[PDB]
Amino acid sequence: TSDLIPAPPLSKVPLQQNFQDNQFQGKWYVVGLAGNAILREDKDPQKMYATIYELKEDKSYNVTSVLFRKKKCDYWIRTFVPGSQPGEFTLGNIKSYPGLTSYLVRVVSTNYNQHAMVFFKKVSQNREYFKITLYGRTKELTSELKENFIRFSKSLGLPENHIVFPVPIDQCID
């Protein structure tokens, strides 16, 4: 058994106008994180991790994340394939992920060189998850960007305790 805040309908999730795929490349730090399966846990606060986007020849992205867990660096790789409009993607090689029947990415807003907000929705074991990531090119962002992110997450039905600001670290992500 499992209870989840429902995914918003896509009409409520804006799309970055005139998305520039090659400017979105490079390292982004995960400055904010929110979702129906994200919980604020004060006993054990989430550590910052990073995500690198690289354009392949075919204009899919190789997307690599690194996190510091159990005293080591863990890498995971995914392929984002361009969707129906610029700034939208689906997950490549979906059959290689057991349980996963759907996966969508939509870039909500970015200025490419400081901040981005990205929306993810997926269906895993027939359950529907969503998250919003607040990316920064650096590890800190203005109170304004963070409050903007809180507001947007709440507009999608997420209460405060489903919204976390991972703690900046030095291991693995520099």
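Just count from 1 along the sequence shown to find any residue number.
Higher mean CA temperature factor between 78 to 86 and 91 to 99: 91 to 99, per the PDB entry. Higher average CA B factor: 40 to 48, of the stretches 40 to 48 and 125 to 133.
In this structure the maximum Cα B-factor among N113, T138, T142, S109 is found at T142.
For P166, the recorded CA temperature factor ranks within the lowest third of the chain's modelled residues. Sorting the modelled residues of the chain by their CA temperature factor places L10 in the highest third. In the deposited entry, the Cα temperature factor of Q17 sits in the top third of values across the chain's modelled residues.
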